[PDB]
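Step one of this worksheet: look at the structure below.
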Protein chains: 4
Amino acid sequence: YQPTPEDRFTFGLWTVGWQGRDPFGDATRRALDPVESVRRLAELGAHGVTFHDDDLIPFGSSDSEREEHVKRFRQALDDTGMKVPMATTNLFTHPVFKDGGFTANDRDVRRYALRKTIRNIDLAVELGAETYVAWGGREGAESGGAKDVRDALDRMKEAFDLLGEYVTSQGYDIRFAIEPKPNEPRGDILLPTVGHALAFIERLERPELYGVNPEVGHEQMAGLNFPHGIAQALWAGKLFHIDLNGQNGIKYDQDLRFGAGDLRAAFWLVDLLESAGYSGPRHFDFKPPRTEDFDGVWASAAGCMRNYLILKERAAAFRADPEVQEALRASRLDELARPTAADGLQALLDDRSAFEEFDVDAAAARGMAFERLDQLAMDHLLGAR
Amino acid sequence: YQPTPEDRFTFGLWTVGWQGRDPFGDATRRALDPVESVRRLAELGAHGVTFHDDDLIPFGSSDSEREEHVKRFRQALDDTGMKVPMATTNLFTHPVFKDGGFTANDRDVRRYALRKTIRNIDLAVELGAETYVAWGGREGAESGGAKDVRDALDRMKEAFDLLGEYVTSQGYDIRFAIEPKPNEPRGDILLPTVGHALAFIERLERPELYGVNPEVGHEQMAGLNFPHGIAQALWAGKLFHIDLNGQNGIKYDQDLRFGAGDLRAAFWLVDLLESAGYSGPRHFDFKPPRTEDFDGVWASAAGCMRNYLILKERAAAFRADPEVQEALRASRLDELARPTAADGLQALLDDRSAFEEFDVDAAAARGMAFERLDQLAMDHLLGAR
Amino acid sequence: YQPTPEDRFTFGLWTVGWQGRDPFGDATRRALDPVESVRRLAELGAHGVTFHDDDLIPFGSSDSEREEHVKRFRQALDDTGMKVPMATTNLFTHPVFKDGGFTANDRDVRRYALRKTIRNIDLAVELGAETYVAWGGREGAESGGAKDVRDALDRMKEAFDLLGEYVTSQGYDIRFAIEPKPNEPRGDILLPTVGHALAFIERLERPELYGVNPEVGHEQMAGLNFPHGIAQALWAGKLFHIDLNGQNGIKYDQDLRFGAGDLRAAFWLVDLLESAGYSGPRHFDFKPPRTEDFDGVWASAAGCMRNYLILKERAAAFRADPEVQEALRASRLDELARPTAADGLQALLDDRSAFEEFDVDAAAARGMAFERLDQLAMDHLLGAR
Amino acid sequence: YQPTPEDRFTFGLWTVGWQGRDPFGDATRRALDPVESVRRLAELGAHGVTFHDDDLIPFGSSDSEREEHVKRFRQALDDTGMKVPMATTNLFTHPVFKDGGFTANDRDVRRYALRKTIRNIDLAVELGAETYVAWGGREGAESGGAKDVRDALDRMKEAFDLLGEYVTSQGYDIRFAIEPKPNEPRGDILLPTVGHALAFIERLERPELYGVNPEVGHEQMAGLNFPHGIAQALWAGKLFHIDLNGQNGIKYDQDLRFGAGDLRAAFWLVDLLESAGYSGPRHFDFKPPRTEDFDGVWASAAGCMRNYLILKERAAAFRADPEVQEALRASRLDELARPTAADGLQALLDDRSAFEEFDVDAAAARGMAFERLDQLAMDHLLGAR
Ligand SMILES: [Mg+2]
Ligand SMILES: [Mg+2]
Ligand SMILES: [Mg+2]
Ligand SMILES: [Mg+2]
Ligand SMILES: [Mg+2]
Ligand SMILES: [Mg+2]
Ligand SMILES: [Mg+2]
Ligand SMILES: [Mg+2]
């Protein structure tokens with residue numbers, strides 16, 4: 001199960017570069033040079049890396065210091081064949097964003113956040129990125145009076161509309177992806193799920209330029225079904241990017257390696273992405289636990305790609321099995337794909353076999369046979385077939 | 001704190017009429033005649049009642065039996081002044097809906113569900129309802145292979161589009177409201193939150209005819225902030241109806257009386273509905289606990305309306321307090337309402353005070369003073385002011 | 001992966017016999033005769049069955065009707081070789097238990113509950129049971145004033161002490177196992193976790209006669225780690241019985257077939273039970289989904305035993321792998337098993353290498369190498385080794 | 001509602017001294033001198049303060065530096081009348097504790113943790129503390145193979161037994177209190193609830209020396225009823241200390257000011273502590289949100305004490321109301337306090353009115369009248385009585 005750049009696996013600089021600070025503990029690992037991360041990831045078989053502006057260029061850097069951080073990075077990209085398909089803005093670490101970037105109560109902070117964002121869009125375009133992600137981690141509140149949510153959504157729409165106007169006036173080939181999260185670090189975060197972000201996008205001036213960047217663990221922090229949520233995104237034509245990791249239920253954001261946490265949900269997600277032919281990057285937003293040294297950091301990153309490839313094999317075998325294909329027919333998945341009333345409204349109203357003469361007791365007595373189907377999926381997942 | 005029909009309080013027949021069957025226990029109360037429920041609710045000061053088709057007309061009734069169930073009901077409505085502002089369809093109790101109504105895998109069940117729905121829309125229009133609610137409680141799955149969610153959303157859109165075509169071809173003055181729920185009775189339910197339902201509506205052929213009917217307890221079953229969710233609905237112009245009750249965290253759907261469960265969230269919800277001038281009915285979808293006899297049933301219903309009126313008083317006092325109005329200015333809620341960049345994009349890009357000359361350390365040092373504000377809200381809620 | 005009675009798999013009559021009533025829906029399956037259940041389970045390879053009194057003998061039966069229900073049951077047990085290792089009391093379905101059995105506010109209900117329990121202990125002893133389970137599903141409250149919890153724990157201790165006095169005065173060879181659950185059907189249930197039940201047992205007059213009967217899904221309804229909880233039970237010498245099923249997170253009690261829900265936790269549980277040599281029955285308390293007919297009922301029951309046997313194979317292979325045994329040494333699991341200070345207190349206080357001369361920076365820099373270990377467990381679970 | 005030292009309100013140095021670092025953000029406030037904290041808290045009306053060793057004495061301090069940190073602190077205590085009733089050990093911040101203190105896999109780390117603990121017990125005794133708290137925040141695991149829980153509980157018992165032997169051999173007047181937490185910062189923490197800690201204590205060599213220190217928010221992170229849990233602690237005679245704060249459901253540990261979060265649960269907790277006459281300190285373990293400057297820090301601390309005093313007034317009024325006292329009799333809370341069978345086992349078995357002649361249908365028909373009672377509690381809480 002060896003990865004190749006063909007598999008389009010990408011990692012953020014901040015993932016393998018996490019030093020291990022949590023709310024109760026100091027760093028257990030030293031800082032990584034972004035040059036060494038690109039090199040070690042290329043040897044593992046990754047396709048590319050992503051960054052926040054402040055991961056690559058330390059906050060407060062002069063214009064010359066900015067120049068050589070970028071130029072060393074580009075040299076490592078050139079030396080390895082590594083791509084940069086996505087980039088994003090840090091609007092959550094500096095104390096100035098403690099009440100938000102785009103929806104901070106202070107007007108002057110909001111304007112700053114937009115200028116800080118615009119500056120990095122230019123850089124992402126320079127480096128070849130096709131997707132620009134926005135994670136509004138500080139947008140929200142800990143108490144009810146602190147934030148009028150309707151005014152906040154007006155400010156959030158204003159910010160995204162202005163960014164839309166910037167990229168089209170520049171002629172940039174880049175699209176935006178909103179990344180939802182229900183809570184942490186704020187008590188409640190605005191646009192808390194994939195659904196809320198999808199609904200919000202339809203009110204932007206140019207909705208074609210915006211999609212979603214869902215994260216496995218984030219929807220699971222609301223106890224939601226992540227494959228179900230991704231299906232609704234694909235059904236709406238809005239899955240621009242995806243963040244893969246593991247999470248063990250409703251609690252703090254664990255960011256475990258992909259495959260850890262809810263293993264069956266990982267299997268159903270891989271099944272769905274491969275079946276629908278999602279062609280974007282398979283991006284890992286995870287943290288190697290702070291119990292680990294650097295050897296365990298690279299072992300954990302290798303594990304992300306390895307688990308994806310195993311699940312892909314098992315899901316392909318599941319769908320290719322003639323016995324599963326007949327069970328799907330037994331469960332009437334073929335009938336679900338057929339229109340309910342292609343004959344139209346008047347014909348349905350005139351169809352006595354749909355009501356007056358419909359035999360409800362016979363239909364009710366039919367088994368769905370879902371449990372035999374699900375055990376075939378288990379058997380395939382576990383390799384007992 | 002006496003309710004009057006002016007306050008527009010409504011109750012479902014199935015709420016005060018719940019006999020107390022739960023997954024582990026038999027009924028503790030006998031069945032209510034819908035005639036007696038309308039009478040006892042009118043004396044409590046309610047404005048109206050709502051129904052499922054099968055609450056009013058027992059399933060399998062002939063056309064004559066249907067005729068006198070409706071006619072006795074209309075007589076009680078006439079005798080009391082009680083309204084019927086909403087009605088809905090039972091697509092979840094009969095065994096034939098065990099895999100869903102609109103998205104059942106079996107095509108013939110889907111057609112039946114649509115004919116059963118259409119028949120009750122006619123009746124709701126006859127009785128004066130202006131909102132028709134759809135709660136797809138059986139739409140979803142317990143296992144991943146049982147339901148292809150993209151096909152299911154195609155079937156769900158087909159059903160809602162057909163209902164849209166029916167009411168406009170008839171010239172009916174009625175609009176639809178989708179009621180989300182994340183789980184129970186299925187393992188995962190489709191459109192699990194207000195956000196998912198809002199996003200789905202924008203893909204219907206006639207989106208103006210559809211809104212949402214959120215329930216307090218349902219969003220809290222996903223650990224979400226219910227007032228935040230209602231604000232996004234109002235911001236989108238889609239709050240057609242609301243269901244009020246109480247819930248104690250992430251667990252089974254408790255349906256407690258309104259005010260119970262998360263009391264502070266109830267206060268912030270009432271604040272929001274009154275401040276935005278929501279003019280629809282204040283509908284209670286709750287269950288009197290099965291510990292109670294009929295005297296405790298009516299005591300619990302009285303409690304719903306009473307708690308709403310107390311919270312309304314405390315929230316009005318909060319907003320009218322000159323000391324709270326100055327704290328809101330201290331927290332810069334006035335600045336949140338002002339546009340970030342009414343001067344436009346080019347001016348923002350040319351504004352050095354928004355980046356090059358912006359003093360981030362001074363802005364960061366400013367306190368938001370949210371905790372003083374929130375304690376004023378506490379003091380007002382508890383009546384220590 | 002064929003089960004044999006050697007594997008000691010048992011099922012409750014109420015599991016395969018569940019008719020499919022949930023809070024929103026009528027039964028989808030007809031009632032099973034307990035005679036046919038014993039026969040179909042024996043052919044699947046089960047070892048035995050368990051019962052509530054009211055599963056076997058319909059409530060309100062005369063003494064003659066009781067006589068032939070038992071006698072038909074015993075004949076089926078004799079015809080199949082099926083055992084009855086556990087039995088329990090229904091103190092939750094009849095309306096008289098709406099506020100509890102052992103801790104009902106009404107004294108006369110509490111006395112009835114004890115007499116109903118005592119009568120079935122006699123029967124369980126007659127049928128050969130060695131464990132008597134108590135699940136206090138109605139013990140608890142929906143509101144804070146309804147139940148003084150200290151008085152309730154006095155009443156709960158009084159009941160269990162009296163049952164203890166009954167079995168020892170009769171000379172019965174039977175022990176009790178308390179089954180915790182955090183909520184549902186009450187808003188909060190007393191003794192909500194394995195921990196609370198373990199602490200309670202130490203205050204009974206004869207603590208040696210009582211242990212716990214934990215359920216997979218119940219601890220997961222509080223977001224807890226079920227293998228961790230079972231380890232604490234084994235460490236205290238109190239794992240008398242276990243209930244196996246699946247559950248998908250914090251929500252209503254799903255009672256899915258074992259292996260479904262959190263698959264990795266099922267693997268770690270099987271690892272622990274086999275490694276510690278737990279010799280009690282492997283009991284399944286599950287519900288075949290109401291989507292299923294009777295063929296899917298037996299398919300789901302077969303699935304429980306099948307998944308246990310696969311996980312047992314994978315866990316044995318994990319522990320037998322020489323490469324995993326060296327990784328465990330790399331992670332210092334051997335050092336965890338060694339005493340911290342067998343040399344005693346004074347020697348530890350006199351040991352400068354434990355404080356004054358301890359090099360904290362060197363110790364901190366050591367990797368735990370937990371992520372390489374965990375991926376070996378993944379590889380073994382998935383059969384990629 | 002003015003606090004006085006009579007009310008016995010205490011605060012940790014780390015609470016008002018929190019600088020505002022969270023997993024995604026840098027500090028927003030500067031460090032407090034412990035001298036200024038004691039002074040500002042005394043003026044607010046607090047009774048005392050608590051500390052971790054490393055809050056008071058920076059890690060790595062020499063023996064002289066230790067001498068004047070303590071001596072400046074004692075001078076501020078003397079200047080204000082402030083007490084120090086509790087102290088505890090930091091076994092979670094330094095990287096050396098990344099896999100735990102008492103249950104780290106490395107033996108030499110475990111020995112260090114015990115020596116670091118013993119050193120601070122001596123200091124707490126010197127400063128007058130009567131309770132020593134242990135919060136094992138790093139004890140646990142992120143993956144199943146990393147920690148054998150039975151070996152870990154052997155190591156945890158060994159550590160607590162050794163500390164027990166140390167204080168009794170020294171003749172110290174101090175007792176220990178274990179503080180449970182279900183998760184964060186580890187994926188799962190050992191002894192995750194009040195119940196698990198209570199059960200563990202009964203296996204220590206000298207169980208009389210150990211109790212529990214429960215935290216509001218920690219039990220709510222498992223969705224549990226905190227007043228119920230405190231009742232079981234009081235029933236076992238083990239409530240040695242309590243930590244008060246607010247929390248909004250199952251998510252990260254919010255540590256909000258007391259009264260925030262679940263307000264009704266705060267009311268029922270205050271009712272219980274005052275009714276049972278708990279005489280220990282009312283300790284606040286909270287964090288002023290990082291949105292705040294220092295004026296909002298002291299406003300938030302004032303809010304903790306203020307909300308406690310308001311709830312105490314409302315709960316006293318509730319219990320003193322003659323109409324609530326008669327409702328309690330209506331709900332048969334008086335009967336719950338009476339023994340079920342003081343007449344003994346044989347008399348209960350001979351009592352036909354407890355089974356053969358018991359009229360179950362009459363008993364079942366009685367209403368519990370819990371909803372009228374609970375609305376009286378609401379009315380009293382909100383000051384509408
Ligand atoms: Mg995350
Ligand atoms: Mg992410
Ligand atoms: Mg509900
Ligand atoms: Mg509802
Ligand atoms: Mg269960
Ligand atoms: Mg069970
Ligand atoms: Mg805490
Ligand atoms: Mg604490």
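Every chain in the structure tokens takes a letter, A first, then B, and so on in the order presented; its residues are numbered from 1, and the ligands are numbered from 1 following the presented order.
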
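When DSSP is run on the backbone, the residues of stretch 61-218 of chain B that fall into strand (DSSP E) are residues 86, 87, 88, 131, 132, 133, 134, 140, 141, 175, 176, 177, 178, 188, 189, 210, 211 and 212 of chain B.
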
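Within 6 Å of chain C, chain B contributes the residues residues 22, 23, 24, 25, 26, 28, 93, 95, 98, 251, 252 and 291 of chain B, using only C-alpha atoms.
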
Written selection (N, CA, C and O atoms) as a PDB file, in the first residue's frame:
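Wrote result_33.pdb, looks like this:
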ATOM      1  N   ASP B  22     -43.461   4.908  25.752  1.00  0.00           N
ATOM      2  CA  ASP B  22     -42.079   5.196  25.376  1.00  0.00           C
ATOM      3  C   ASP B  22     -41.439   3.857  24.983  1.00  0.00           C
ATOM      4  O   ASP B  22     -42.168   2.861  24.907  1.00  0.00           O
ATOM      5  N   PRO B  23     -40.146   3.770  24.635  1.00  0.00           N
ATOM      6  CA  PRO B  23     -39.639   2.493  24.090  1.00  0.00           C
ATOM      7  C   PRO B  23     -39.704   1.345  25.081  1.00  0.00           C
ATOM      8  O   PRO B  23     -39.573   0.183  24.663  1.00  0.00           O
ATOM      9  N   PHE B  24     -39.913   1.630  26.367  1.00  0.00           N
ATOM     10  CA  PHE B  24     -39.837   0.620  27.416  1.00  0.00           C
ATOM     11  C   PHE B  24     -41.102   0.528  28.259  1.00  0.00           C
ATOM     12  O   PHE B  24     -41.077  -0.122  29.308  1.00  0.00           O
ATOM     13  N   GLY B  25     -42.203   1.148  27.845  1.00  0.00           N
ATOM     14  CA  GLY B  25     -43.339   1.272  28.736  1.00  0.00           C
ATOM     15  C   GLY B  25     -44.638   1.507  28.005  1.00  0.00           C
ATOM     16  O   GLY B  25     -44.679   2.168  26.959  1.00  0.00           O
ATOM     17  N   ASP B  26     -45.708   0.982  28.586  1.00  0.00           N
ATOM     18  CA  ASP B  26     -47.074   1.093  28.102  1.00  0.00           C
ATOM     19  C   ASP B  26     -47.685   2.448  28.481  1.00  0.00           C
ATOM     20  O   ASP B  26     -47.150   3.203  29.300  1.00  0.00           O
ATOM     21  N   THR B  28     -49.755   5.360  30.134  1.00  0.00           N
ATOM     22  CA  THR B  28     -50.231   5.654  31.488  1.00  0.00           C
ATOM     23  C   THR B  28     -51.479   6.532  31.529  1.00  0.00           C
ATOM     24  O   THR B  28     -51.986   6.808  32.624  1.00  0.00           O
ATOM     25  N   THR B  93     -45.756   6.703  11.519  1.00  0.00           N
ATOM     26  CA  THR B  93     -46.227   5.705  12.484  1.00  0.00           C
ATOM     27  C   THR B  93     -46.552   4.348  11.849  1.00  0.00           C
ATOM     28  O   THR B  93     -46.155   3.310  12.384  1.00  0.00           O
ATOM     29  N   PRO B  95     -46.414   0.943   9.888  1.00  0.00           N
ATOM     30  CA  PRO B  95     -45.283   0.116   9.441  1.00  0.00           C
ATOM     31  C   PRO B  95     -44.883   0.317   7.979  1.00  0.00           C
ATOM     32  O   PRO B  95     -43.716   0.111   7.640  1.00  0.00           O
ATOM     33  N   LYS B  98     -41.630   2.337   7.400  1.00  0.00           N
ATOM     34  CA  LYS B  98     -40.460   1.973   8.193  1.00  0.00           C
ATOM     35  C   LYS B  98     -39.136   2.372   7.538  1.00  0.00           C
ATOM     36  O   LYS B  98     -38.134   2.519   8.245  1.00  0.00           O
ATOM     37  N   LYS B 251     -29.059  13.796  23.993  1.00  0.00           N
ATOM     38  CA  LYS B 251     -29.624  12.498  24.360  1.00  0.00           C
ATOM     39  C   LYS B 251     -30.927  12.364  23.581  1.00  0.00           C
ATOM     40  O   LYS B 251     -31.174  13.129  22.640  1.00  0.00           O
ATOM     41  N   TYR B 252     -31.765  11.404  23.973  1.00  0.00           N
ATOM     42  CA  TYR B 252     -33.055  11.212  23.308  1.00  0.00           C
ATOM     43  C   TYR B 252     -33.875  12.509  23.341  1.00  0.00           C
ATOM     44  O   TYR B 252     -33.632  13.408  24.157  1.00  0.00           O
ATOM     45  N   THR B 291     -45.320  10.379  34.071  1.00  0.00           N
ATOM     46  CA  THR B 291     -45.582  10.383  35.499  1.00  0.00           C
ATOM     47  C   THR B 291     -46.885  11.084  35.848  1.00  0.00           C
ATOM     48  O   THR B 291     -47.403  10.880  36.951  1.00  0.00           O
TER      49      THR B 291
END

Which residues come within 12 Å of residue A:288, counting only C-alpha atoms, excluding same-chain residues fewer than 2 positions away, as an MDAnalysis selection string?
(chainID A and resid 14:21 28:29 245:246 254:258 260 284:286 290:304) or (chainID C and resid 367:372) or (chainID D and resid 142)

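Each residue with an atom within 7 Å of any atom of ligand 2 appears in the list, which was built counting only C-alpha atoms and all ligand atoms: residues 179, 215, 243 and 285 of chain A.
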
Got a sec to tell me which of stretch 191-354 of chain D DSSP assigns to helix (DSSP H, G or I), as a PyMOL selection string?
chain D and resi 194-201+207-209+216-220+226-235+263-275+294-320+322-330+333-336+345-350+352-354

Do you know which residues are at most 8 Å from residue A:355 counting only C-alpha atoms, after dropping those on the same chain fewer than 3 positions away, and could you put them as number ranges by chain?
A: 351-352, 358; B: 112, 115-116

Exercise: residue D:385 partners within 10 Å, only C-alpha atoms, chain neighbours under 2 positions left out, as an MDAnalysis selection string:
chainID D and resid 314 317:318 321 376:383

Which polymer residues have any atom within 9 Å of an atom of residue C:219, counting only C-alpha atoms, with same-chain residues fewer than 3 positions away left out, as a PyMOL selection string?
chain C and resi 180-182+192-194+214-216+222-226+229

Go ahead and write the residues just picked, C-alpha atoms, as a short mmCIF file (atom, residue, chain, number, x, y, z; two decimals), in the first residue's frame.
data_model
loop_
_atom_site.label_atom_id
_atom_site.label_comp_id
_atom_site.auth_asym_id
_atom_site.auth_seq_id
_atom_site.Cartn_x
_atom_site.Cartn_y
_atom_site.Cartn_z
CA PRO C 180 -26.02 0.94 34.73
CA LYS C 181 -27.43 3.32 32.14
CA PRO C 182 -27.07 7.15 32.16
CA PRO C 192 -25.55 6.21 35.55
CA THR C 193 -22.16 4.56 34.82
CA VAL C 194 -20.09 1.51 35.74
CA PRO C 214 -22.09 -3.26 31.81
CA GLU C 215 -23.49 -2.64 28.34
CA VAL C 216 -21.37 -1.38 25.43
CA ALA C 222 -22.06 9.15 28.16
CA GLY C 223 -19.14 9.40 25.70
CA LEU C 224 -16.98 7.13 27.88
CA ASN C 225 -14.34 4.57 26.89
CA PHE C 226 -16.02 1.18 27.33
CA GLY C 229 -14.56 0.97 32.14
#

Kindly indicate which residue among A:109, A:311, A:365, A:244 lies nearest to ligand 1, using only C-alpha atoms and all ligand atoms for the distances.
A:244

Can you tell me which residues surround stretch 42-56 of chain C at a distance of at most 8 Å, considering only C-alpha atoms, apart from same-chain residues fewer than 6 positions away, and format the answer as a PyMOL selection string?
chain C and resi 2-14+34+69-70+80-90+120+302

I need the residues from that last selection saved to file as a short mmCIF file (atom, residue, chain, number, x, y, z; two decimals), in the first residue's frame (with N, CA, C and O atoms), if you can.
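And here's selection_24.cif as it stands now:
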data_model
loop_
_atom_site.label_atom_id
_atom_site.label_comp_id
_atom_site.auth_asym_id
_atom_site.auth_seq_id
_atom_site.Cartn_x
_atom_site.Cartn_y
_atom_site.Cartn_z
N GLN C 2 -17.48 -20.13 12.44
CA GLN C 2 -18.70 -20.80 12.88
C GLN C 2 -18.75 -20.86 14.40
O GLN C 2 -17.81 -21.36 15.03
N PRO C 3 -19.82 -20.36 15.03
CA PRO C 3 -19.93 -20.45 16.49
C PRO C 3 -20.30 -21.85 16.95
O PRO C 3 -20.96 -22.61 16.24
N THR C 4 -19.83 -22.20 18.14
CA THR C 4 -20.23 -23.41 18.83
C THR C 4 -20.63 -23.05 20.26
O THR C 4 -20.15 -22.05 20.80
N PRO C 5 -21.52 -23.85 20.88
CA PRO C 5 -21.87 -23.61 22.29
C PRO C 5 -20.66 -23.43 23.21
O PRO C 5 -20.78 -22.80 24.27
N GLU C 6 -19.50 -23.95 22.81
CA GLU C 6 -18.25 -23.71 23.53
C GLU C 6 -17.96 -22.22 23.70
O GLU C 6 -17.40 -21.80 24.73
N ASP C 7 -18.30 -21.40 22.69
CA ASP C 7 -18.04 -19.96 22.72
C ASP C 7 -18.95 -19.22 23.68
O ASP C 7 -18.72 -18.03 23.93
N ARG C 8 -19.97 -19.88 24.22
CA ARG C 8 -20.77 -19.35 25.32
C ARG C 8 -21.50 -18.06 24.90
O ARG C 8 -21.54 -17.06 25.63
N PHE C 9 -22.10 -18.07 23.71
CA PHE C 9 -22.90 -16.95 23.23
C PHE C 9 -24.34 -17.11 23.71
O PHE C 9 -24.95 -18.16 23.50
N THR C 10 -24.88 -16.07 24.37
CA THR C 10 -26.27 -16.06 24.82
C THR C 10 -27.01 -14.82 24.33
O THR C 10 -26.40 -13.78 24.06
N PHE C 11 -28.35 -14.93 24.26
CA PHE C 11 -29.24 -13.89 23.77
C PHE C 11 -30.46 -13.79 24.67
O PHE C 11 -30.98 -14.81 25.15
N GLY C 12 -30.95 -12.57 24.88
CA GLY C 12 -32.22 -12.41 25.57
C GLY C 12 -33.40 -12.74 24.66
O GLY C 12 -33.37 -12.50 23.46
N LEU C 13 -34.45 -13.31 25.26
CA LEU C 13 -35.72 -13.48 24.54
C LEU C 13 -36.24 -12.17 23.94
O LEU C 13 -36.86 -12.18 22.87
N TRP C 14 -36.02 -11.05 24.62
CA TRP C 14 -36.55 -9.76 24.18
C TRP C 14 -35.75 -9.15 23.04
O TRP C 14 -36.18 -8.12 22.50
N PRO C 34 -41.54 -18.04 22.62
CA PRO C 34 -40.22 -18.35 23.20
C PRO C 34 -39.71 -19.74 22.85
O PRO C 34 -38.50 -19.98 22.89
N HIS C 69 -46.50 -22.28 30.97
CA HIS C 69 -45.50 -21.51 30.23
C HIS C 69 -44.10 -22.00 30.57
O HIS C 69 -43.28 -22.23 29.67
N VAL C 70 -43.84 -22.22 31.86
CA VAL C 70 -42.53 -22.69 32.28
C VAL C 70 -42.26 -24.08 31.71
O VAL C 70 -41.14 -24.37 31.25
N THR C 80 -32.93 -29.05 23.08
CA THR C 80 -31.88 -28.35 22.35
C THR C 80 -30.52 -28.32 23.03
O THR C 80 -29.53 -28.02 22.35
N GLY C 81 -30.44 -28.59 24.33
CA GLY C 81 -29.20 -28.40 25.06
C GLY C 81 -28.94 -26.96 25.49
O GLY C 81 -27.85 -26.67 25.99
N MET C 82 -29.92 -26.08 25.32
CA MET C 82 -29.76 -24.65 25.60
C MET C 82 -29.77 -24.39 27.10
O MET C 82 -30.55 -24.99 27.84
N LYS C 83 -28.89 -23.50 27.55
CA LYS C 83 -28.77 -23.12 28.96
C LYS C 83 -29.51 -21.82 29.23
O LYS C 83 -29.88 -21.10 28.31
N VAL C 84 -29.70 -21.52 30.52
CA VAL C 84 -30.25 -20.25 30.98
C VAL C 84 -29.35 -19.67 32.08
O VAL C 84 -29.63 -19.85 33.28
N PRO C 85 -28.26 -18.98 31.73
CA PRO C 85 -27.28 -18.55 32.73
C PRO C 85 -27.65 -17.29 33.50
O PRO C 85 -27.02 -17.01 34.53
N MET C 86 -28.64 -16.52 33.04
CA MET C 86 -28.99 -15.24 33.64
C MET C 86 -30.50 -15.02 33.53
O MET C 86 -31.15 -15.47 32.58
N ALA C 87 -31.06 -14.32 34.51
CA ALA C 87 -32.44 -13.85 34.41
C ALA C 87 -32.57 -12.53 35.16
O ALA C 87 -31.70 -12.15 35.94
N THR C 88 -33.68 -11.84 34.92
CA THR C 88 -33.87 -10.49 35.44
C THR C 88 -35.37 -10.21 35.54
O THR C 88 -36.20 -11.03 35.14
N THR C 89 -35.71 -9.06 36.12
CA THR C 89 -37.08 -8.70 36.46
C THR C 89 -37.50 -7.53 35.59
O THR C 89 -36.73 -6.58 35.41
N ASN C 90 -38.73 -7.54 35.08
CA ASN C 90 -39.26 -6.35 34.40
C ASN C 90 -39.88 -5.43 35.45
O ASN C 90 -40.99 -5.68 35.93
N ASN C 120 -39.31 -14.10 41.03
CA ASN C 120 -38.56 -14.55 39.85
C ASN C 120 -37.17 -15.07 40.19
O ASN C 120 -36.61 -15.85 39.41
N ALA C 302 -26.98 -13.83 13.83
CA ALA C 302 -25.76 -14.48 13.36
C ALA C 302 -24.60 -13.49 13.29
O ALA C 302 -23.45 -13.84 13.61
#

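Pairwise distance (atom CA of residue D:119, atom CA of residue D:176) equals 15.0 Å.
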
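Interatomic distance, atom CA of residue B:74 against atom 1 (Mg, counted along the ligand's line) of ligand 4: 24.1 Å.
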
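Relative to atom CA of residue D:230, atom CA of residue D:280 is found at 13.5 Å.
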